[PDB]
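[1] A structural model of the following input is requested.
(2 chains, ligands or ions: 1)
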Amino acid sequence: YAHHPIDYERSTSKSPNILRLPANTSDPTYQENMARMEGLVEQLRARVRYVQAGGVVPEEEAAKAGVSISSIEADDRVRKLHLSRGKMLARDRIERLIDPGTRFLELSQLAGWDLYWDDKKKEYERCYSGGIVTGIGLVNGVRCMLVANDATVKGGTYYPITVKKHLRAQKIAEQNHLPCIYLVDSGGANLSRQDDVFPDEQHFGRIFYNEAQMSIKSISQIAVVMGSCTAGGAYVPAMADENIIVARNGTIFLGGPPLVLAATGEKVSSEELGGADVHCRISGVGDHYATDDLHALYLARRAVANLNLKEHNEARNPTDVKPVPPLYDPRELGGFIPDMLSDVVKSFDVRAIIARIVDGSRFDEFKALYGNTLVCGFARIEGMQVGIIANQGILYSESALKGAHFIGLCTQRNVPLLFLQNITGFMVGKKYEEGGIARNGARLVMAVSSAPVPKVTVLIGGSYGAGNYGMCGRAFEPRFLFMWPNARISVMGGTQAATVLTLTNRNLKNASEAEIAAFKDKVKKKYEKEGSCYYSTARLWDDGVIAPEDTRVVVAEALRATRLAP
Amino acid sequence: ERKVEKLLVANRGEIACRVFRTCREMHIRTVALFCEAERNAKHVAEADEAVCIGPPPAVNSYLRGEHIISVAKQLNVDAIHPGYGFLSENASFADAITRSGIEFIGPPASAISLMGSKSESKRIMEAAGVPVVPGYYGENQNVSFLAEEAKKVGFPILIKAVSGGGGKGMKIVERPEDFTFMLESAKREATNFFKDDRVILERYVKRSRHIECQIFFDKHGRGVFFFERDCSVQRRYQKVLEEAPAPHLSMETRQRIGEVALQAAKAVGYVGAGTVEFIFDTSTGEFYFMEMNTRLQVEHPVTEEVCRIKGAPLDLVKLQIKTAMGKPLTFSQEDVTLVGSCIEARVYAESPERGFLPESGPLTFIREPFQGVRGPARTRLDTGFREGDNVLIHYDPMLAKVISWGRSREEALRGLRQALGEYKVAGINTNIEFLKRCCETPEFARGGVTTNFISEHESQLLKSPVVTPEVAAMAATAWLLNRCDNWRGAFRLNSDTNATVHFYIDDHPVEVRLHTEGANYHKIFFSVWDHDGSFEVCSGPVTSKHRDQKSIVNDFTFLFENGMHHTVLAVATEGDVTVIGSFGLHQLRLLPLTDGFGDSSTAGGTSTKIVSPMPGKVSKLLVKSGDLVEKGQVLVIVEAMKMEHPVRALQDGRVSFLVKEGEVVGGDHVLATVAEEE
Ligand SMILES: O=CCCCC[C@@H]1SC[C@@H]2NC(=O)N[C@@H]21
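    Numbers count the residues shown, from 1 in each chain, chains lettered A, B, ... in the order given. Structure as follows:
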């Protein structure tokens, strides 16, 4: 009918239905939300600074961070003493190591935030980081995993949060075939929590297991020995394609200098006990002997160069690309996010978020009239086709079917998946249970777990209960996890668990007010005591923590990380 | 005197580049000024340093005179030239510049303030003794007073009224000895137009032609008037085309125009360059003062072509800097002699077919006319824009000025014709076609045109060439090829190719069909408006693969069967196809075909809309009943165990509520009927 184009015009124009046009009006509601978000990011963006240069914050105005006041002078004294030795006490080794003008990720940050409670009731162990810093680094045109042991040995070298971080880094590198670089500085072991860190599985032995399984798959790895690595820490220099020992302060020992005493205590110099022995000794241990920190870093870079990965990365990830920005300003991402601590769940939207994040502000909807709860479709993220699952409302059987169908197509055509978690939302109606809802949930989870597609999840907010099993979860092998500040990970019910557990717990009929004070308030305190900031990341649950505004850059880092894969 | 090494400019545009250029010859520094962005503009690429001033609105930019003065003081500027517009006429700014110690370029603040009010200015000229036609004498105290001064103060009778342009009291009563009709006319004018009963009488002129002499003065009491000018042609008080040598003007008169002009400028006191404007009636043969401007005009380079001083080319801006230098002149009024004739025309980025409304858009391709000497004529073009620039809506629409100096008027007018034709711009409609129409058919080559000359010939003008069916053929072909490989590598079986283009010419859709026979991409045909023919087409190099807003600009060749051949540079986009060639310029709008492609739902939506589940308890409805809902806002929010679960209906049309907040409703209830707006 008076309409005869050739699909384009209708396409390739600034007027295709594919795009999205949710324009906000900045009203009170927007302000209430936008403002809060701002109230939810300032310190997130801040604590980072405090742990960075940990314990030395000369401004002394860090009231925006709820961190307790710490003895700045002690940390400054320790840093001065350490830097007088001739080694750089910072993450400086990293940004010296990575090529200028390139990107970085800082995979796990704020690790071990106020984790352990000391004997002093008001004092926690001052683990500003997990004892290491981990991030994806691009060296000499080669993408690599960077792990650096921090010089914080006051509490002890490695904790249940340190070895877990190291093992997570090793698993990520092995999955993605990114070579690792380890910067080694250790105080040995922790002889206090040794039962928690040494024996059992997924412990310090699995590091040695991984450093051999990698070299089986011919994924070369490199370690730099800046200081002592004793107590089983001396095997990494031994198990290494290339290793670096600094001329003066680089030391490797299987038995400590105190250990020779009380067992043939003919004590001699710490150099002769296994440290950097530049005298043409009989031992052929340690590939590189470098006179200075810069010399060692330079030789590490030079060894990284001769791996032939530059051609493969350059072919797989195009270095010269034209950035395509979204149609709407990314600062608006905080506004559509609702507020917090609201008796009844507030309202929420997804279209706006996806239209703000994706390229050209576009989307490819599958069936949206049907199973209106769940959202699935294709997209574009900086030159790469992506699939997104974002959740909105209370799940039905049909939503599970649609999810299974989408995941089937994505696995069929080798399209990566992105997850945006939300509430559990399993209806409890009797008719729904009689309609085989459990079978359809199984249909969804089977497809989720069976998918060989790389998978990344990011918390939008309100991910509580067994609903994440429908979409995705840490136990379903997501190659990366990141989080927004307004996140709560809890039991099958965030608010309802309060009501349900109020009924069935040794309660007399009378004393109703005192009981709800003792029951409902207490369970609310329990189920929102956990949050994005503490229960997560600090314990390497969903290790990555980010800002809602800069999500697309992070996801693009992740996707470039997962295309060197076999 | 005071040395000058730094020059400051206020305004932007053609004047900025002009002031900047001569500056190079005097070997003086330059400074540029620009609004938000506006940094790719040419003038800033011509100066030595440029400073951003602030927000686009003229209140925010180029009007903060105090901020400009403070910035100039920080730069230790020697001189400032305001130019025309913005702070061109503001005595406070000039006084502040004088207090700061910078040599202001132009008249003193006293002259500007005095000429700001028309009443005090005309008072000054009346005291000076210059023939001035006033606007009023007293009031209508007595009806016999009208007969008393009718033959006294002004024999020509201008009855009119105190105000209002109706003027039915005039009756065009040019006959003196009128006493029974003038009073009746005035009394019938007073009816339904009472206003104030005071009536003013003046001289009435049948014809009007505008004259404006130029003048120059140092600060050491010495000056010399430049040659006269004509501004008869103007539409809606906007200058269109002007001539420095007023054709049909006796030499003796020229001389006298000067003596009158110098008297007025001396009386008020004046320094620098300026222009006195007159009003003239051929029938009376006398000139009467109308207004003067204490500011450099835009028409300065025009009068220059008809005046030489000591046999050397004259530069008007040069002297103004030398006047600011404090040096005295070197020539009397005599050293200046006229030589030949010249004409000028202004091009405006407006649409003649429309209500002369300015348009803003990127400049795709700008042809530049030959700005060199040849034959018996000199032709020049001055433009304040170049390729890749974009017109700003805040500024006035002004592209370039074209001037044709010659030894005789004929040569000058003829020269322009060809030049006006040659200059070409693609991207925005212009009035260039209008100006050429103003030059060909109107027999104003004689030289006699009145102030209202444009008004009567409006029927004759506003006319453009008819788009021949052939023009569609080249225009249609370019859009395909300048977009894709249509007709390139095409192939079918036992058949022949076909591809069609729809043009929305005027308010009627136009269809053109193109097809081939044989194995030839070369042999092509056409059928538009039931007219069929054949031609061949050979393209050029392929350019602009990115096909951005500028899209593709390529030359084309078309050999039609009859025998002709053509060359066409086509910058085609989805919105339109522009073809430039010996035919001229024509842009053909492509039939628009867009209408929410997808969301095209005419469903009635009678019932069972935004139904809520069993728990119900609707509340906090934020939509007004009977208001259009095309975007999917939250029509109703129902709560089921803390489940807001907003429905978010996207059905277009107004929504009618049958429920109220706080009312518990049953499962799948008809909360509202979302129906098409009827
Ligand atoms: O419309 C009313 C039914 C609401 C079901 C909400 C589901 S049931 C299990 C889970 N726990 C909650 O509190 N909400 C979800």
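[2] can you classify residue B:21 by secondary structure?
    helix (DSSP: H, G, I helix; E, B strand; the rest coil).
[3] quickly find the element holding the residue in chain A positioned nearest to chain B.
    Going by Cβ to the nearest Cβ, chain B is nearest to residue A:17 of chain A, at 4.1 Å. The C-beta positions use only the backbone N, C-alpha and C, and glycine is treated the same way. Using DSSP states H and E, residue A:17 falls within no helix or strand.
[4] grab the nearest non-local neighbour of it.
    In space, and not counting its chain neighbours, residue A:17 is closest to residue B:598: 4.1 Å by Cβ to Cβ, 6 or more residues apart in numbering or on different chains.
[5] kindly report the same for residue B:634.
    Nearest to residue B:634 is residue B:646, by Cβ to Cβ, 6+ apart, at 4.2 Å.
[6] tell me the secondary structure at the one you found.
    Per three-state DSSP, residue B:646 ends up coil.
[7] burial count for it?
    Neighbour count for residue B:646, taken as other Cβ atoms under 10 Å in any protein chain shown: 19.
[8] that one contacts residue B:637, correct?
    Yes - using Cβ atoms under 8 Å, residue B:646 makes contact with residue B:637 at a distance of 5.2 Å.
[9] now do the contacts for the residue of chain A closest to chain B.
    Residues in contact with residue A:17, defined by Cβ atoms under 8 Å, 6 or more residues apart in numbering or on different chains, are B:596, B:597, B:598, B:599.
[10] try residue B:349
    Residue B:349 is in contact with B:358, B:359, B:391, B:397, B:398, B:399, B:428, B:430, counting by Cβ under 8 Å, 6+ apart.
[11] for the contacts of residue A:17, pick the one with the most neighbours.
    Busiest of the contacts of residue A:17 [other Cβ under 10 Å] is residue B:597, holding 16 neighbours.
[12] checking my notes, that residue in a helix, right?
    No - Residue B:597 is assigned coil when assessed by three-state DSSP, not a helix.
[13] thought it was touching residue A:10?
    Yes - counting by Cβ under 8 Å, residue B:597 sits close enough to residue A:10 to count as a contact (5.5 Å).
[14] need the overlap of contacts for the two.
    residue A:16.
[15] for chain A, what is the nearest residue in chain B?
    For chain B, Cβ to the nearest Cβ, closest residue to chain A: residue B:598, 4.1 Å.
[16] how far away is that residue from the ligand?
    Separation of residue B:598 from the ligand (Cβ to the nearest ligand atom, to the nearest Å): 31 Å.
[17] what do you get for residue B:648?
    Distance from residue B:648 to the ligand, by Cβ to the nearest ligand atom: 17 Å.
[18] for residue B:605, see how far away that residue is.
    15 Å (Cβ to Cβ, to the nearest Å).
[19] out of everything not next to it in sequence, what's closest to the residue of the stretch 101-250 of chain A found nearest the ligand?
    Residue of the stretch 101-250 of chain A nearest the ligand, by Cβ to the nearest ligand atom: residue A:113 (29.9 Å). Nearest in space to residue A:113, with sequence neighbours left out and distances taken as Cβ to Cβ, 6+ apart, is residue A:538 at 4.1 Å.
[20] I'd guessed the one you found sits against residue A:114; true?
    Yes - in this structure residue A:538 lies within contact range of residue A:114 using Cβ under 8 Å: 7.3 Å.
[21] what does chain A put close to chain B?
    Counting by Cβ under 8 Å from any Cβ of the partner chain, the positions of chain A adjacent to chain B are A:3-5, A:9-10, A:13, A:15-17, A:343-347, A:393-394, A:495-496.
[22] show me which of those residues are buried.
    Buried residues within the residues of chain A next to chain B, counting neighbours by 16 or more other Cβ atoms under 10 Å in any protein chain shown: A:9, A:10, A:16, A:345, A:393, A:394, A:495, A:496.
[23] which one of those is nearest residue A:443?
    Nearest to residue A:443 among those, counting by Cβ to Cβ, is residue A:394 at 17.8 Å.
[24] mind telling me what element residue A:368 is part of?
    Counting by DSSP H and E, residue A:368 is found in no helix or strand.
[25] what bridges to the closest residue to it other than its chain neighbours?
    Once flanking residues are discounted, residue A:368 sits nearest to residue A:375: 7.4 Å by Cβ to Cβ, 6+ apart. Residue A:375 has these beta-bridge partners by DSSP bridges: residue A:390.
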